[PDB]
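Student: Just passing along the structure, written as structure tokens.
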Amino acid sequence: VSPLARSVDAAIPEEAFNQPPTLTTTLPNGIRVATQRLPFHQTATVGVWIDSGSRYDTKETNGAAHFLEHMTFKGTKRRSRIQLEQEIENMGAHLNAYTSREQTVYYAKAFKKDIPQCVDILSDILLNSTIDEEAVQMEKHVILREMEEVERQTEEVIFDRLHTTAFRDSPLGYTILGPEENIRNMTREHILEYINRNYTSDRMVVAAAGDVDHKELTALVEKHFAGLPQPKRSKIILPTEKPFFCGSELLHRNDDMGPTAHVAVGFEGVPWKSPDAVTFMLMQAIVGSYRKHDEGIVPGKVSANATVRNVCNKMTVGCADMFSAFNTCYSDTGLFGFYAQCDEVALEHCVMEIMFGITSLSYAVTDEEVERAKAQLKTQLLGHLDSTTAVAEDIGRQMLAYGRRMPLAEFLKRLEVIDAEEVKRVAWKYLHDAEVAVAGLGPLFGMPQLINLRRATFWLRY
Amino acid sequence: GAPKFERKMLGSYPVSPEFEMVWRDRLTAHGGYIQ
Amino acid sequence: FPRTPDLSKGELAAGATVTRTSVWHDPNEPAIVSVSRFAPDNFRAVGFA
Amino acid sequence: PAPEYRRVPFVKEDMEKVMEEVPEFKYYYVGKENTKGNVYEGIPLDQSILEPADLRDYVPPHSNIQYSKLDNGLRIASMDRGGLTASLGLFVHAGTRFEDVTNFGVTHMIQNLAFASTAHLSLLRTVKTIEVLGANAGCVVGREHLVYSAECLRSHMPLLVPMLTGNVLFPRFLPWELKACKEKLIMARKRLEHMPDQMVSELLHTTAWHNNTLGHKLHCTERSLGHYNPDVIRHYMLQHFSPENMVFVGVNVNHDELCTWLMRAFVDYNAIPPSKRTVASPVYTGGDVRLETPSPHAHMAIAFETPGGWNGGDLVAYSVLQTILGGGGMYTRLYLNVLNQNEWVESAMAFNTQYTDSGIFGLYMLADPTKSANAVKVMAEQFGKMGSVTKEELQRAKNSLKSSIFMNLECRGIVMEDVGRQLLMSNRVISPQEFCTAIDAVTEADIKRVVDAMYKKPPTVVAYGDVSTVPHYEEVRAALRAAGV
Amino acid sequence: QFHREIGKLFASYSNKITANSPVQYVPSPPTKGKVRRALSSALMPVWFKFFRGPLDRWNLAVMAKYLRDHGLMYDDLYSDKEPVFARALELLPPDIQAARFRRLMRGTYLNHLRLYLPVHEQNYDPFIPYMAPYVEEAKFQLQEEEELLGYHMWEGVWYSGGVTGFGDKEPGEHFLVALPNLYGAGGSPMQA
Amino acid sequence: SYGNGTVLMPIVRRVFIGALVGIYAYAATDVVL
Ligand SMILES: CCCCCCCCCCCCCCCCCC(=O)OC[C@H](COP(=O)([O-])OCC(O)COP(=O)([O-])OC[C@@H](COC(=O)CCCCCCCCCCCCCCCCC)OC(=O)CCCCCCCCCCCCCCCCC)OC(=O)CCCCCCCCCCCCCCCCC
Ligand SMILES: CCCCCCCCCCCCCCCCCC(=O)OC[C@H](COP(=O)([O-])OCC(O)COP(=O)([O-])OC[C@@H](COC(=O)CCCCCCCCCCCCCCCCC)OC(=O)CCCCCCCCCCCCCCCCC)OC(=O)CCCCCCCCCCCCCCCCC
Ligand SMILES: CCCCCCCCCCCCCCCCCC(=O)OC[C@H](COP(=O)([O-])OCC(O)COP(=O)([O-])OC[C@@H](COC(=O)CCCCCCCCCCCCCCCCC)OC(=O)CCCCCCCCCCCCCCCCC)OC(=O)CCCCCCCCCCCCCCCCC
Ligand SMILES: [Zn+2]
């Protein structure tokens, strides 16, 4: 009867249900088009999402997929390098691209009136690019330089080394750039072979968001993407083998690069379509992140996150400069773990504290911790869907992974019914007493043994 | 333990008591290595 | 919800009886001024001097 | 043409009835009533679990800005785009430009004491409850404005409003809390030293407006610690933190609901009373300053004054000129005429910093520390030709500027900061459609007119890094005078 | 799912407390029963006159004479080993802290000699509560910390970092973490 | 309370009290009731 028991208990806000639909169509040649109209915008983002990457390179030509990225902006039959650059500038538009292990993306940002001219440019550079042998030799100097700057961003180097040792027996372990000797001996014939084997109509999605009309985007695509080859099958219906996960360590000791070490640990995860994928997203948020030079308004020593609290109070001074948990999904496997930076003499304490927090998911996590993590996850995910680019990336990425876009209300309904007993079930099945892979760099004299890390995945209490 | 010129640490975090013997025998990896 | 101190009788106001009561409201002063007089150094028991 | 504000009157309400409207909130979970578990176990994400009762016909929201005002003078403005994460902000017209020799550092102190103990909530319970809600909040100090902000799920807005307004309504300023914050108060400028770009900017302001208004520093110094006591702080808030000097803004909220909860935060207690203050006009002096530091590059910056600032009448002209030259692109004047013709230049750009009634405009370059004398000659030559542009350059700049504006305003945070910042500086919000109409009306004569006026006052020169070959003050001034500057 | 059923019982009893919780101050109910409050009031005029009354008066005389012999106040008898009182002492202003320091020094010296003060140095009331405002603020600070951080039995790494792992933060205060080093010159936790 | 590792003495306290309540209840039922 107390007013303290008549509070407004609205689980999922009504705004989650009153969202504009994402419209989809499949064309005769196999290209898929997907659009969501956001009336409160004057600009728009349109792009092409392709289901190919470094994992679809050959061992002898690892690196052609990234090489092709650069050459796609060097000239066509109807436009030259200079002409392409000037046309974009004269409209005030933007044109970007990136390549990963399983997905490749090209997108543009411009006004509504300039959308057709963007679709024309995207189809041309993707289907009619001239791979001049003379330009292939010039780029070799711009790419060998990028391999030196990438070696200066340490976090990117550590995650590559983590893929190299974990997936030794699969193309999923290849690097995106490729070895040096492959870059030096690259020819235009290696690049054309990658195109003819990977860029087909069944592996491409066109997505848009903003002040966009669906029927008009479906007619422009039907006209400009007609010269796209269809898949050829030689009566071969053989399935792909799931990558094998190797428990191993790969460490670069170096006492001449300062007092800070860098480390990353990984577990075998789950693929996109797994019935347990949502729970892995949540488990990533329970471990969370921390930066010593950017705590915010909550001091780390009194944080609600148990992992942060234990790390900040270690030896009364704190044992980490920063750490963060990650979860990455692929088509047939995944990768779950954490990255960290720390002082030479603090490395052992730091790594073992974060391991202790992951293993707590199987034994002792509380519903207060789960609901704190849920609230943070919702604020970040739902907050990043503001611009037209982030929305378009969400459409395209989901069309390749799931075959559809999940509405916001469905995600929130699936996230709502996950409690502490369901977290314990999933962690007991996948993370408890499991194999781990490790990569590291720097002053590593105090690094734990691989077997120490392997046995920290279970407790002897209980 | 190790000689003084090898025991010198690069970091500043304090040595924990369970690790006293580890750091009494610190040795610099002259030239580096990959394991 | 603790009991509200009666300042007219000389009762002490400190801790929870400042934060969770309206004892510090004054109609003819801004709130930032009134509550500045309710720190523990502002009170002294009769007979102190 | 100021906007028309709707009135929201104070109303007395029964406390027990208003509690039926507070959103549910839990800190403890003592058992659980539901016992059904994960009802979607075993179902993969390529399959949908929604039902027909979860489908709706979309109805667009109210995306225009709505305006309202309370009886104590607080101005309110909000807009709804249909998102699920809201942005909230409280803007106060009380920046470092209002400090004096007995107060330097007070605004920085108030920023670092944000979300401390108030009359009805302690420090620990305030920061711990925000975290458990999943929100982020903070306070940022500036030269003209102070801003408190938070972001959260849009159903938690009523819970976050009091934790924002309490900082300006009834803070306590307890001694032992001031003594625990004194550490982080000095580490700010220390962390600023190892940030070259931020140090060059500070040096530019301290040198442009010598010992007045916009030239005061942002952060405290060891000298400031001599007046770090509650009485000095509370005296500063009584002069500047009245409701008439504040604006509240929200994005992805219901306008009427935001007004109701803001009214309830102010109805039972007394706010700081208004006061008449006279705003001193800035005095631009220019000058020169050097700062040697270990670095492989020689940082150099040269600037001039912009008369009138945001309200001078030529804001759009300076933003078009900035786009022609090049900011933070491969057909800009600085990329073609400077970078490509000199391999010893590492970077170059143009900046435009405007305030309510004054601003500066200039260039910023990094270069080889052995060719600083040549860096000065190239910068002077660019200033000598700034007042001349071609039709192709001008037309390409306009198109680039319009696109940037609309694109920037796709993000919640930028929209909130722009609306609040405009209502304090001009009591009006200029739409992006009105900016475009103004951009299109910029001519070649306007450019040439504003560059000449810019050069009627002395320059402001700054050098940072390795300054072993940087010419003498008189030589920099002379080089500019030979190029017609 | 046996854990979810037990959680339903806890939750039912929890919701009942909340639905019956008042939203304003209400006096606490009488502790003693009516049968006990009737015998006491009937025997009061005789029990109080000849026993309980003189017991109360002797007690205050014994306390006052001992404190005055040593020049002490009653509140000087509390220890800084109590967490609440330790926090209260940290909040004191200089003038009150200095007078307490001096009285404690003088009282240890007088107890060592076993010599009374003269009568004219004993003319003061020792029962003035000079610590009360600081004690009530300390209680508020520590009750918040306990409710916001100490509502669960947390796990931890055992015998790591100088502590046991069961909740202690200051190192070397339990026997199974005694003797931190065999070699060296040791060190102080206050100089980390 | 939060911050210290005195974790066995609170258990000893509850066992001792319970033991006393049982000793003096087993004697009364044998002598009185
Ligand atoms: C008449 C004859 C009668 C004789 C009878 C005497 C009794 C005989 C006992 C035989 C026991 C055999 C089984 C041994 C297993 C030990 C436990 C274990 O698995 O350790 C894992 C433990 C942690 O494993 P991990 O891989 O690091 O981490 C995995 C998880 O991630 C970590 O997950 P987590 O964080 O949840 O786990 C933390 C870890 C806690 O980890 C720690 O922090 C360290 C734990 C301490 C080391 C393990 C205990 C054994 C140490 C031997 C001490 C002997 C002293 C001899 C003095 C004799 C004086 C006469 O948890 C524990 O293990 C807690 C302890 C469990 C409760 C106690 C039961 C085990 C005690 C075994 C006997 C010791 C007491 C005997 C005293 C005799 C006095 C007369 O391993 C270590 O610490 C590494 C070194 C271990 C050395 C083991 C040596 C065994 C020898 C036992 C015989 C005792 C000698 C008696 C002499 C009598 C003469 C009269
Ligand atoms: C693996 C090898 C094979 C054999 C393995 C054997 C088993 C090993 C693992 C066993 C389980 C380990 C995990 C324990 C629970 C941790 C839970 C947790 O994270 O909470 C942290 C929790 C702190 O939570 P908090 O809220 O921050 O503070 C709680 C407040 O202080 C007070 O809060 P409050 O006032 O609300 O009171 C709370 C109280 C409410 O409950 C009650 O009051 C109920 C009272 C029931 C009375 C009737 C039943 C009898 C209970 C015991 C009576 C006293 C026994 C005294 C024994 C002394 C000698 C050991 O809760 C409890 O009583 C729960 C604790 C019950 C467990 C005790 C027995 C099992 C654990 C024994 C220690 C583990 C081995 C360490 C070995 C180290 C070797 C180097 O810490 C504990 O409660 C720790 C309890 C365990 C004792 C500490 C370690 C003692 C070390 C010295 C003895 C070493 C002997 C070695 C040789 C002999 C062989 C072992
Ligand atoms: C070192 C520098 C100098 C140079 C080097 C020196 C080198 C030499 C040093 C030694 C080197 C070797 C290492 C030795 C290790 C020894 C083990 C050790 O250190 O453990 C410390 C360890 C404390 O570790 P901690 O790190 O300080 O704190 C632990 C927690 O983290 C935090 O816990 P907490 O702080 O919350 O509470 C801790 C508290 C926890 O307190 C308790 O749990 C209570 C313990 C005492 C209970 C008994 C006392 C009387 C109580 C009333 C009667 C009760 C009757 C039973 C019924 C009860 C109701 C059901 O413990 C104490 O108060 C400490 C008491 C000391 C016990 C030491 C005994 C060791 C074993 C040998 C026993 C021999 C007995 C002979 C006499 C009897 C012969 C018939 O102590 C224990 O927890 C073990 C308790 C063992 C109790 C045994 C009781 C036996 C007698 C029971 C009564 C029977 C009456 C029958 C009458 C029949 C008439 C016919
Ligand atoms: Zn590249």
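We label chains A, B, ... in the order they appear in the structure tokens, count residues from 1 in each chain, and number ligands from 1 in the order shown.
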As a quick test: using only C-alpha atoms and all ligand atoms, which residues lie no more than 7 Å away from ligand 4? Give them as a ChimeraX atom specification.
Tutor: /A:66,69-70,143
Student: Can you tell me which residues come within 10 Å of ligand 3 when counting only C-alpha atoms and all ligand atoms, ideally as a PyMOL selection string?
Tutor: (chain E and resi 159+163-168+172-179) or (chain F and resi 4-20)
Student: Write down, as a list in words, each residue of chain C that has any atom within 8 Å of an atom of chain E, counting only C-alpha atoms.
Tutor: residues 1, 2, 3, 12, 13, 14, 15, 16, 40, 41, 43, 44, 45, 46, 47 and 48 of chain C
Student: How about saving the chosen residues, C-alpha atoms kept, as a PDB file, in the first residue's frame?
Tutor:
ATOM      1  CA  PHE C   1      13.119   8.771   7.496  1.00  0.00           C
ATOM      2  CA  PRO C   2      14.568   9.948  10.835  1.00  0.00           C
ATOM      3  CA  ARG C   3      12.916  12.322  13.270  1.00  0.00           C
ATOM      4  CA  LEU C  12      21.495  18.723  17.484  1.00  0.00           C
ATOM      5  CA  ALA C  13      21.339  18.343  13.696  1.00  0.00           C
ATOM      6  CA  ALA C  14      24.136  16.254  12.189  1.00  0.00           C
ATOM      7  CA  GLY C  15      24.685  13.394   9.780  1.00  0.00           C
ATOM      8  CA  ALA C  16      21.523  11.613   8.683  1.00  0.00           C
ATOM      9  CA  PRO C  40      29.695  19.846  12.665  1.00  0.00           C
ATOM     10  CA  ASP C  41      32.044  22.746  13.491  1.00  0.00           C
ATOM     11  CA  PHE C  43      27.475  23.346  16.797  1.00  0.00           C
ATOM     12  CA  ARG C  44      28.754  23.421  20.388  1.00  0.00           C
ATOM     13  CA  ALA C  45      27.161  21.951  23.512  1.00  0.00           C
ATOM     14  CA  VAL C  46      25.962  24.315  26.226  1.00  0.00           C
ATOM     15  CA  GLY C  47      28.651  24.729  28.864  1.00  0.00           C
ATOM     16  CA  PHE C  48      31.569  24.303  26.447  1.00  0.00           C
TER      17      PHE C  48
END
Student: Output the contact residues of chain E with respect to chain A at a cut-off of 7 Å, based on only C-alpha atoms, as a PDB file with C-alpha atoms, in the first residue's frame.
Tutor:
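And here is the file that came out, out.pdb:
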ATOM      1  CA  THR E  18       8.363  -2.758   0.987  1.00  0.00           C
ATOM      2  CA  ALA E  19       4.578  -2.596   0.589  1.00  0.00           C
ATOM      3  CA  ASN E  20       4.250  -1.989   4.356  1.00  0.00           C
ATOM      4  CA  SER E  21       7.043   0.603   4.693  1.00  0.00           C
ATOM      5  CA  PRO E  22       5.989   4.142   5.692  1.00  0.00           C
ATOM      6  CA  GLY E 161      49.617  -9.265  -2.483  1.00  0.00           C
TER       7      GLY E 161
END
Student: List the neighbours of residue 113 (chain A) out to 12 Å using only C-alpha atoms; skip same-chain residues closer than 6 positions along the sequence, and give me the result as a list in words.
Tutor: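 What passes the distance filter is residues 42, 43, 44, 91, 92, 93, 119, 211, 212 and 213 of chain A.
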Student: The selected residues should be written to file as a CSV table (one decimal), in the first residue's frame (atoms: C-alpha atoms).
Tutor:
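Below is the file out.csv, written as the result:
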chain,number,residue,atom,x,y,z
A,42,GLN,CA,19.1,15.7,-44.9
A,43,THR,CA,22.2,13.6,-45.8
A,44,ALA,CA,22.5,9.9,-46.3
A,91,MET,CA,30.0,17.4,-54.5
A,92,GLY,CA,31.3,17.7,-50.9
A,93,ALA,CA,30.9,13.9,-50.5
A,119,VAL,CA,25.9,4.6,-56.9
A,211,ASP,CA,16.5,10.5,-46.6
A,212,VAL,CA,16.4,7.5,-49.0
A,213,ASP,CA,13.7,5.9,-51.1
Student: Neighbours of residue 7 (chain E) within 10 Å (only C-alpha atoms; same-chain residues fewer than 4 positions away dropped), as a ChimeraX atom specification?
Tutor: /D:29-35 /E:2-3,11-12
Student: Filtering to N, CA, C and O atoms, could you give me those residues as a PDB file, in the first residue's frame?
Tutor:
ATOM      1  N   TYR D  29      18.915  -6.959  -5.193  1.00  0.00           N
ATOM      2  CA  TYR D  29      18.035  -7.988  -5.744  1.00  0.00           C
ATOM      3  C   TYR D  29      17.951  -9.104  -4.708  1.00  0.00           C
ATOM      4  O   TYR D  29      18.791 -10.006  -4.672  1.00  0.00           O
ATOM      5  N   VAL D  30      16.928  -9.030  -3.859  1.00  0.00           N
ATOM      6  CA  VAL D  30      16.726  -9.999  -2.781  1.00  0.00           C
ATOM      7  C   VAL D  30      15.816 -11.077  -3.359  1.00  0.00           C
ATOM      8  O   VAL D  30      14.591 -10.963  -3.354  1.00  0.00           O
ATOM      9  N   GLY D  31      16.429 -12.137  -3.874  1.00  0.00           N
ATOM     10  CA  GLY D  31      15.695 -13.160  -4.591  1.00  0.00           C
ATOM     11  C   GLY D  31      15.141 -12.640  -5.906  1.00  0.00           C
ATOM     12  O   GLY D  31      15.384 -11.510  -6.325  1.00  0.00           O
ATOM     13  N   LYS D  32      14.374 -13.504  -6.568  1.00  0.00           N
ATOM     14  CA  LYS D  32      13.722 -13.164  -7.823  1.00  0.00           C
ATOM     15  C   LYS D  32      12.367 -13.848  -7.898  1.00  0.00           C
ATOM     16  O   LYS D  32      12.239 -15.028  -7.567  1.00  0.00           O
ATOM     17  N   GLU D  33      11.361 -13.097  -8.343  1.00  0.00           N
ATOM     18  CA  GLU D  33      10.014 -13.644  -8.461  1.00  0.00           C
ATOM     19  C   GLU D  33       9.873 -14.521  -9.701  1.00  0.00           C
ATOM     20  O   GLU D  33       9.344 -15.635  -9.623  1.00  0.00           O
ATOM     21  N   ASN D  34      10.335 -14.037 -10.851  1.00  0.00           N
ATOM     22  CA  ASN D  34      10.230 -14.810 -12.082  1.00  0.00           C
ATOM     23  C   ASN D  34      11.116 -16.047 -12.013  1.00  0.00           C
ATOM     24  O   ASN D  34      12.251 -15.993 -11.532  1.00  0.00           O
ATOM     25  N   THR D  35      10.590 -17.173 -12.509  1.00  0.00           N
ATOM     26  CA  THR D  35      11.284 -18.453 -12.443  1.00  0.00           C
ATOM     27  C   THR D  35      11.271 -19.190 -13.780  1.00  0.00           C
ATOM     28  O   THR D  35      11.452 -20.410 -13.807  1.00  0.00           O
TER      29      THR D  35
ATOM     30  N   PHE E   2      16.643 -25.453  -8.552  1.00  0.00           N
ATOM     31  CA  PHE E   2      16.304 -25.342  -7.138  1.00  0.00           C
ATOM     32  C   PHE E   2      16.675 -23.975  -6.576  1.00  0.00           C
ATOM     33  O   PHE E   2      16.079 -23.530  -5.589  1.00  0.00           O
ATOM     34  N   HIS E   3      17.650 -23.295  -7.185  1.00  0.00           N
ATOM     35  CA  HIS E   3      18.045 -21.979  -6.699  1.00  0.00           C
ATOM     36  C   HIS E   3      16.995 -20.921  -7.018  1.00  0.00           C
ATOM     37  O   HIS E   3      16.856 -19.944  -6.275  1.00  0.00           O
ATOM     38  N   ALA E  11      12.009 -13.376  -2.322  1.00  0.00           N
ATOM     39  CA  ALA E  11      11.442 -12.221  -3.009  1.00  0.00           C
ATOM     40  C   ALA E  11      10.058 -11.885  -2.474  1.00  0.00           C
ATOM     41  O   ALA E  11       9.688 -10.709  -2.390  1.00  0.00           O
ATOM     42  N   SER E  12       9.278 -12.900  -2.106  1.00  0.00           N
ATOM     43  CA  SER E  12       7.948 -12.649  -1.562  1.00  0.00           C
ATOM     44  C   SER E  12       8.038 -11.912  -0.232  1.00  0.00           C
ATOM     45  O   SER E  12       7.341 -10.917  -0.011  1.00  0.00           O
TER      46      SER E  12
END
Student: Just the alpha helix (DSSP H) stuff from region 131-177 of chain E, please, per backbone DSSP, written as a PDB file with C-alpha atoms, in the first residue's frame.
Tutor:
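Result file follows (states_16.pdb):
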ATOM      1  CA  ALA E 132      28.834  14.465  19.526  1.00  0.00           C
ATOM      2  CA  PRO E 133      28.566  16.398  16.213  1.00  0.00           C
ATOM      3  CA  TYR E 134      31.578  14.532  14.814  1.00  0.00           C
ATOM      4  CA  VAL E 135      30.401  11.111  16.018  1.00  0.00           C
ATOM      5  CA  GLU E 136      27.015  11.433  14.300  1.00  0.00           C
ATOM      6  CA  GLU E 137      28.601  12.498  10.994  1.00  0.00           C
ATOM      7  CA  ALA E 138      31.056   9.587  11.160  1.00  0.00           C
ATOM      8  CA  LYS E 139      28.200   7.112  11.652  1.00  0.00           C
ATOM      9  CA  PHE E 140      26.504   8.475   8.519  1.00  0.00           C
ATOM     10  CA  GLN E 141      29.619   8.149   6.344  1.00  0.00           C
ATOM     11  CA  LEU E 142      30.361   4.552   7.384  1.00  0.00           C
ATOM     12  CA  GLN E 143      26.748   3.368   7.113  1.00  0.00           C
ATOM     13  CA  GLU E 144      26.684   4.523   3.479  1.00  0.00           C
ATOM     14  CA  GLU E 145      29.919   2.685   2.648  1.00  0.00           C
ATOM     15  CA  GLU E 146      28.632  -0.540   4.213  1.00  0.00           C
ATOM     16  CA  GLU E 147      25.290  -0.479   2.379  1.00  0.00           C
ATOM     17  CA  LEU E 148      26.735   0.411  -1.048  1.00  0.00           C
ATOM     18  CA  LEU E 149      29.846  -1.823  -1.040  1.00  0.00           C
TER      19      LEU E 149
END
